[PDB]
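Comments concern the structure below.
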Amino acid sequence: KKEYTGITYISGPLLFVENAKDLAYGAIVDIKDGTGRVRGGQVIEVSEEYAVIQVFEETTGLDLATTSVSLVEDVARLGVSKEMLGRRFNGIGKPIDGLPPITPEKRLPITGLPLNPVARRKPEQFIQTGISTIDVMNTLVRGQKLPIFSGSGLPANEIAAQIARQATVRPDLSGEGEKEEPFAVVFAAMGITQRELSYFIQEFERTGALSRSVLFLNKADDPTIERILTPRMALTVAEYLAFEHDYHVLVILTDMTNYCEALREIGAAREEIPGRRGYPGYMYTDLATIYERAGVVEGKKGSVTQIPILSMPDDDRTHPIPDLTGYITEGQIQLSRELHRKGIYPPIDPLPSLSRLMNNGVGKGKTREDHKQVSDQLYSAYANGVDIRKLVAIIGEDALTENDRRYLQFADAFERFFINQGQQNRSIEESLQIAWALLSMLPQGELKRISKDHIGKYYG
Amino acid sequence: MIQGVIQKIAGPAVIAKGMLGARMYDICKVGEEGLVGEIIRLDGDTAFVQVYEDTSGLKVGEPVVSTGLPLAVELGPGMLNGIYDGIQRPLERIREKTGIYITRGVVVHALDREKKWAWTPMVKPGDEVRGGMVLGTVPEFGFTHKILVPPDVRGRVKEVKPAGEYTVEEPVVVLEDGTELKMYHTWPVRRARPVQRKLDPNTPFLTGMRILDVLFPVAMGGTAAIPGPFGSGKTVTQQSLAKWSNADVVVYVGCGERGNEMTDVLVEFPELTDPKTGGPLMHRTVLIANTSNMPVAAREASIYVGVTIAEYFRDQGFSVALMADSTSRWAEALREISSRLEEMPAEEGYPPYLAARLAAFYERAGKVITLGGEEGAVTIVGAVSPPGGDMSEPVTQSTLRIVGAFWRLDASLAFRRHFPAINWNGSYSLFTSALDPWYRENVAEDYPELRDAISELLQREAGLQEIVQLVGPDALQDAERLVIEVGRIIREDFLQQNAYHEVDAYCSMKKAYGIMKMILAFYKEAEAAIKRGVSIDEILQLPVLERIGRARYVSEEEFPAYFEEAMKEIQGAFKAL
Amino acid sequence: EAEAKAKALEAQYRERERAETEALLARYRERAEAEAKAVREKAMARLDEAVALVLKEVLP
Amino acid sequence: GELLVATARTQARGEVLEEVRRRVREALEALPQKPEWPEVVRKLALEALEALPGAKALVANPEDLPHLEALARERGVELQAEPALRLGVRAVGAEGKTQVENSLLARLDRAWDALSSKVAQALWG
């Protein structure tokens with residue numbers, strides 16, 4: 001309707017329009033060139049002097065005598081419906097399936113109003129994955145937003161695929177009867193290349209999850225600024241399907257490193273003073289407003305559990321992207337290169353991962369009473385084995401004493417018969433029995449954190 | 001055809017005013033001497049042109065003529081047996097009209113417009129054509145270069161000329177629309193030539209060298225990254241991949257590079273011969289040289305010219321191999337223009353959209369099926385040159401997230417003049433899980449388990465050599481020395497590809513399978529006797545060790561008859577015990 | 001005897017799976033076509049009323 | 001099979017909405033060549049002129065230039081007769097910096113989302 005012309009300046013993602021009084025702050029503008037092409041753009045600074053618009057697509061072909069700028073949606077909104085569980089979307093939610101769009105039940109703000117911590121709830125109920133490391137030591141429960149770090153080329157996609165296809169909350173040990181509803185996957189991808197895309201969609205059509213899932217694909221060959229909109233647009237639908245229909249939404253936010261590179265690009269186009277390694281200061285607030293739109297609320301049986309996949313640049317816990325992620329979120333799962341050369345699938349090193357809220361998930365009745373002491377004894381014994389490996393590499397094998405060989409046999413028996421597994425799905429009882437098999441290698445007395453009841457009931 | 005004058009000149013940048021409506025990324029003839037520039041940072045009524053030649057000697061107030069339409073190449077027949085520069089104007093033409101140098105601002109043609117090629121039609125009047133449909137064929141060298149519909153052309157055919165011979169711009173197909181079709185057509189170098197659908201990579205790009213397909217293979221649609229500092233080859237390896245592969249066209253795009261490499265490739269190719277056809281190798285290699293003395297802005301033209309030519313040849317049923325050499329200089333070109341243009345730098349001057357540029361580059365590769373009905377694949381070998389190892393640099397940890405394989409060259413292992421210098425661990429390929437049925441049908445039956453055994457023995461030697469170095473090899477028990485000696489057999493016998501000897505410079509898969517099966521039968525028959533009480537120093541200079549040690553220099557016409565008798569010696573060598 | 005029983009059970013299970021999949025696909029396609037035609041008929045029955053409402057919302 | 005049934009029902013609902021949208025498009029086509037279309041064009045021109053704050057030029061069709069000519073004689077606006085404007089009018093305000101549209105097709109494009117969100121629930125039953 002009310003167009004604007006008078007573009008003064010165009011460079012990078014930015015363009016400077018003038019005499020722009022009535023563009024509300026943070027609105028959507030479509031850019032129209034000479035010949036019919038229309039582009040997305042978001043407003044990020046308004047004055048009666050001028051206004052600034054970032055461009056959701058490539059800035060190729062814009063002249064200055066044309067390319068009018070037209071207004072829509074004072075704040076950026078997504079039309080949202082429930083006829084939505086089968087069709088994929090681009091980086092800005094145009095559907096690419098050869099079908100008409102959703103008939104919107106509602107209109108929601110894509111930014112997300114911040115959740116009230118009074119209206120939250122303790123994330124209680126255990127989720128098993130099949131993977132014994134997670135389901136023994138680093139607990140994954142309903143309502144947690146735990147990221148999975150990846151190294152250079154470690155199979156993060158296959159870990160996410162296995163937790164997508166074969167993770168299930170177990171109602172029977174929780175003691176509530178059952179409703180046994182399976183999950184609902186919000187898979188939002190930000191610059192996965194083509195091969196990972198092929199693997200995820202073929203995995204989902206082989207497990208039959210595409211009748212209950214949604215994909216917001218923002219590929220590598222897509223333009224580079226709509227990555228800022230993709231996770232917030234996905235988590236809007238996630239909030240929707242959780243908190244209006246009593247679901248158990250699991251959200252796979254793939255490869256946050258491309259989100260952070262796009263954020264770095266939009267922060268450096270506007271000259272803004274960065275923190276460490278060239279990332280701007282508001283990256284904390286934006287990763288917060290992605291992550292903390294997740295959790296459980298009181299009374300409503302909807303729920304959101306997130307796996308964000310990180311890619312650590314120099315496979316370290318110290319770079320600003322995994323560092324600020326691990327400061328924001330609660331509990332993470334880290335992969336490592338050192339186990340991966342030994343064929344160990346899935347290559348999870350079990351020291352640096354930590355569940356934040358294992359303590360409320362497992363315990364009496366819910367999992368089994370042993371589980372906390374069992375996990376703590378495994379942590380302490382395996383850490384002792386790992387840091388005695390370096391001393392063995394210093395002083396040689398024949399310079400060893402008693403219990404050193406027991407810790408070392410514990411270490412490699414652990415790393416080849418607890419973490420090392422195929423795509424088989426181990427239960428909680430099966431993984432705990434394998435844990436007692438590995439705890440059978442140590443003589444007693446050193447099993448300090450396991451109390452007398454468990455050591456007198458389950459040794460062997 | 002907007003036309004202004006030069007306001008200011010700074011660096012290689014010409015910022016010219018009066019451009020009230022010059023659209024983005026146009027080619028503009030800047031200066032009165034026909035220089036070629038790209039247009040960014042529109043501002044008021046004033047553009048910001050970078051020039052692809054130099055600019056030392058221009059003035060103020062010379063006219064700048066925009067050409068309206070953006071940076072594009074001309075895809076057609078005649079590209080093979082060809083060198084090009086960054087803006088695609090071929091160098092031997094310039095030698096025919098300048099001399100033995102390059103002058104600022106010639107105006108020449110990207111293709112020869114006086115060569116009479118041979119038409120043969122494959123459509124009739126009244127047909128429907130959409131983009132990417134087969135029109136006609138031309139025999140180019142050993143070839144059927146099929147000229148096809150440009151991908152923005154759809155309509156009814158009015159007439160098509162018969163099988164004569166023609167100039168490359170001759171209007172030969174006129175639609176029932178007012179549209180003509182020449183033998184070439186233009187295309188901008190910042191857009192994928194669009195496909196119907198992308199497939200999944202299931203067939204290996206047979207890289208030809210022993211380690212690069214035995215241990216860490218690349219698929220036909222896949223991408224690979226080769227790091228490696230100076231003195232670690234990199235050019236022996238690129239020229240070996242250009243010589244010995246199973247490509248259909250090799251597009252060798254070398255930017256920021258020596259001149260001796262380019263003239264080496266142009267001297268020694270028209271006598272050597274690809275394994276499939278006959279004739280010179282040069283008739284399947286289009287090479288885009290950009291020597292490091294040529295002006296710095298041309299590199300970002302050059303790389304996209306290369307991948308555009310790769311897509312034009314993947315649209316014609318050809319499994320195109322592309323070698324993008326020294327893309328760190330392309331990253332330096334981005335650094336130089338972003339520091340000329342006064343934006344924010346991040347992580348040592350590389351502008352923060354370098355990951356977007358590099359990802360949109362590598363994502364043009366893959367295995368597709370084109371609109372005509374052919375299949376195709378384009379693969380990219382990207383040679384990154386990081387400064388000193390130091391892999392946390394932004395170019396390398398940008399390209400590490402978007403490659404299907406990663407072949408880390410070393411610096412220590414290339415100081416005993418081992419070649420090639422592929423690291424055994426820390427280099428990894430993600431196509432081993434998908435190339436298994438093809439291997440199990442087409443190299444052996446038990447091929448994957450065999451290299452599983454080879455991989456774990458390499459891992460075991462790497463985990464054993466450390467205590468070998470620490471406590472000294474005095475403390476060999478019995479078997480760890482046999483592990484060391486099999487390690488010495490492998491890195492002195494199996495990974496020793498010369499690339500200069502005339503039968504070592506190409507290896508097959510069957511010969512690699514034969515040598516690996518020989519090594520594993522050797523180890524599984526010596527480990528039987530090592531617990532019988534044989535001295536480990538006794539077992540070394542048995543004469544069949546020479547018979548494996550120079551068992552790679554036989555050809556395929558010599559290898560099975562030598563091979564089965566060598567294993568007969570492997571069996572009978574321990575009956576002498 | 002165990003191998004013969006395993007082969008017979010696998011063949012019978014594959015045949016029963018193929019027949020049940022054919023029957024379920026036929027019932028699903030029949031219900032899909034019936035519900036699509038019924039939804040089209042019901043939408044045509046409810047048609048021609050709110051078009052003037054949307055026009056009056058459109059016209060000033 | 002359930003996904004195929006849901007896709008069939010979604011395609012049926014979308015085809016019904018597309019038929020209703022084509023009927024509304026034919027209604028918008030017939031709305032221009034009407035007898036009361038000059039009074040409606042004068043009403044929409046008054047609405048656009050009230051929407052145009054401090055503008056200079058208002059452009060519309062030449063035959064539609066009489067249909068609000070008393071409105072064009074009012075308010076001192078530069079009445080431009082552009083026959084491209086089949087539906088609605090345009091408004092350029094005083095600088096070459098701010099256009100305004102009033103097209104019935106542009107109003108349909110602006111309101112088809114709410115038309116979906118309300119009238120599809122209205123017409124589904």
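Letters for chains follow the order of the structure tokens (A, B, ...), residue numbers begin at 1 for each chain, and ligand numbers begin at 1 in the order shown.
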
Mind dumping a table of every chain D residue within 8 Å of chain A, with the nearest atom pair and its distance in Å to one decimal, using only C-alpha atoms, sorted by chain and rising number, as JSON lines?
{"residue": "D:3", "atom": "CA", "partner": "A:211", "partner_atom": "CA", "distance": 6.0}
{"residue": "D:10", "atom": "CA", "partner": "A:83", "partner_atom": "CA", "distance": 7.8}
{"residue": "D:11", "atom": "CA", "partner": "A:99", "partner_atom": "CA", "distance": 7.4}
{"residue": "D:14", "atom": "CA", "partner": "A:100", "partner_atom": "CA", "distance": 6.5}
{"residue": "D:96", "atom": "CA", "partner": "A:5", "partner_atom": "CA", "distance": 6.5}
{"residue": "D:97", "atom": "CA", "partner": "A:5", "partner_atom": "CA", "distance": 4.4}
{"residue": "D:98", "atom": "CA", "partner": "A:4", "partner_atom": "CA", "distance": 4.2}
{"residue": "D:99", "atom": "CA", "partner": "A:3", "partner_atom": "CA", "distance": 4.5}
{"residue": "D:100", "atom": "CA", "partner": "A:2", "partner_atom": "CA", "distance": 3.8}
{"residue": "D:101", "atom": "CA", "partner": "A:1", "partner_atom": "CA", "distance": 4.4}
{"residue": "D:102", "atom": "CA", "partner": "A:1", "partner_atom": "CA", "distance": 6.6}
{"residue": "D:106", "atom": "CA", "partner": "A:1", "partner_atom": "CA", "distance": 6.9}
{"residue": "D:113", "atom": "CA", "partner": "A:104", "partner_atom": "CA", "distance": 7.7}
{"residue": "D:116", "atom": "CA", "partner": "A:103", "partner_atom": "CA", "distance": 5.7}
{"residue": "D:117", "atom": "CA", "partner": "A:104", "partner_atom": "CA", "distance": 5.2}
{"residue": "D:120", "atom": "CA", "partner": "A:103", "partner_atom": "CA", "distance": 7.5}

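For residue 230 (chain B), the non-local neighbours within 12 Å, defined as residues at least 4 positions apart in the same chain or in other chains and counting only C-alpha atoms, are residues 234, 235, 326, 384, 385, 386, 387, 388, 389, 409, 410, 411, 412, 414, 415 and 421 of chain B.
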
Expected file contents, prior selection, N, CA, C and O atoms, as a short mmCIF file (atom, residue, chain, number, x, y, z; two decimals), in the first residue's frame:
data_model
loop_
_atom_site.label_atom_id
_atom_site.label_comp_id
_atom_site.auth_asym_id
_atom_site.auth_seq_id
_atom_site.Cartn_x
_atom_site.Cartn_y
_atom_site.Cartn_z
N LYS B 234 51.70 -30.13 -2.76
CA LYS B 234 50.40 -29.55 -3.13
C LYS B 234 50.23 -29.39 -4.64
O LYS B 234 49.15 -29.65 -5.17
N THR B 235 51.32 -29.24 -5.38
CA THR B 235 51.24 -28.99 -6.80
C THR B 235 51.52 -30.23 -7.61
O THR B 235 50.90 -30.44 -8.65
N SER B 326 44.38 -22.92 -4.26
CA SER B 326 44.83 -21.82 -3.41
C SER B 326 43.74 -20.77 -3.22
O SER B 326 43.90 -19.59 -3.52
N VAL B 384 43.30 -25.36 0.13
CA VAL B 384 43.47 -24.24 1.05
C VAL B 384 44.93 -24.21 1.48
O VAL B 384 45.52 -25.27 1.75
N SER B 385 45.54 -23.03 1.53
CA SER B 385 46.91 -22.88 2.01
C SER B 385 46.92 -22.06 3.29
O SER B 385 47.07 -20.83 3.24
N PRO B 386 46.77 -22.68 4.45
CA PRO B 386 46.87 -21.96 5.71
C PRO B 386 48.31 -21.56 5.97
O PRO B 386 49.22 -22.21 5.42
N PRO B 387 48.57 -20.51 6.78
CA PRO B 387 49.93 -19.98 6.91
C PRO B 387 51.01 -20.93 7.42
O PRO B 387 52.00 -21.17 6.72
N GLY B 388 50.85 -21.51 8.60
CA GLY B 388 51.94 -22.29 9.15
C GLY B 388 51.51 -23.59 9.80
O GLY B 388 52.08 -24.00 10.80
N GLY B 389 50.51 -24.24 9.24
CA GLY B 389 49.81 -25.25 9.99
C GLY B 389 48.56 -24.60 10.53
O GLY B 389 47.56 -24.53 9.82
N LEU B 409 47.57 -32.40 4.71
CA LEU B 409 48.99 -32.59 4.46
C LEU B 409 49.78 -32.23 5.72
O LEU B 409 49.38 -31.38 6.51
N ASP B 410 50.90 -32.92 5.90
CA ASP B 410 51.76 -32.70 7.05
C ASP B 410 52.91 -31.78 6.65
O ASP B 410 52.97 -31.27 5.53
N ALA B 411 53.83 -31.56 7.58
CA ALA B 411 55.05 -30.84 7.27
C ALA B 411 56.25 -31.64 7.74
O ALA B 411 57.33 -31.57 7.15
N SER B 412 56.07 -32.41 8.81
CA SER B 412 57.14 -33.27 9.30
C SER B 412 57.37 -34.43 8.35
O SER B 412 58.51 -34.74 8.00
N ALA B 414 56.74 -34.73 5.24
CA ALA B 414 57.30 -34.32 3.96
C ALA B 414 58.72 -33.79 4.10
O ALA B 414 59.20 -33.08 3.21
N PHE B 415 59.40 -34.10 5.20
CA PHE B 415 60.79 -33.75 5.37
C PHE B 415 61.73 -34.94 5.30
O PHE B 415 62.94 -34.75 5.23
N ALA B 421 52.12 -36.42 1.16
CA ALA B 421 52.29 -36.19 2.59
C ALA B 421 50.98 -36.25 3.35
O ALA B 421 50.76 -35.46 4.27
#

- request: Name the residues of chain D that fall into alpha helix (DSSP H) according to DSSP on the backbone, using the chain letters and numbers of this document, as a ChimeraX atom specification.
  value: /D:2-30,37-51,64-67,69-73,104-124

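Using only C-alpha atoms, the residues found no farther than 7 Å from residue 165 (chain B), other than those of its own chain fewer than 3 positions away, are residues 116, 117, 118 and 119 of chain B.
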
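Residues in contact with residue 433 (chain A) at up to 10 Å, not including ones fewer than 4 positions away on its chain and judged by only C-alpha atoms, are residues 427, 428, 429, 437, 438, 439, 458, 459 and 460 of chain A.
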
message: Quick one: residues within 8 Å of region 7-14 of chain B, only C-alpha atoms, excluding same-chain residues fewer than 2 positions away - as number ranges by chain?
response: B: 5, 16-17, 48-51, 54-55, 59-61, 340
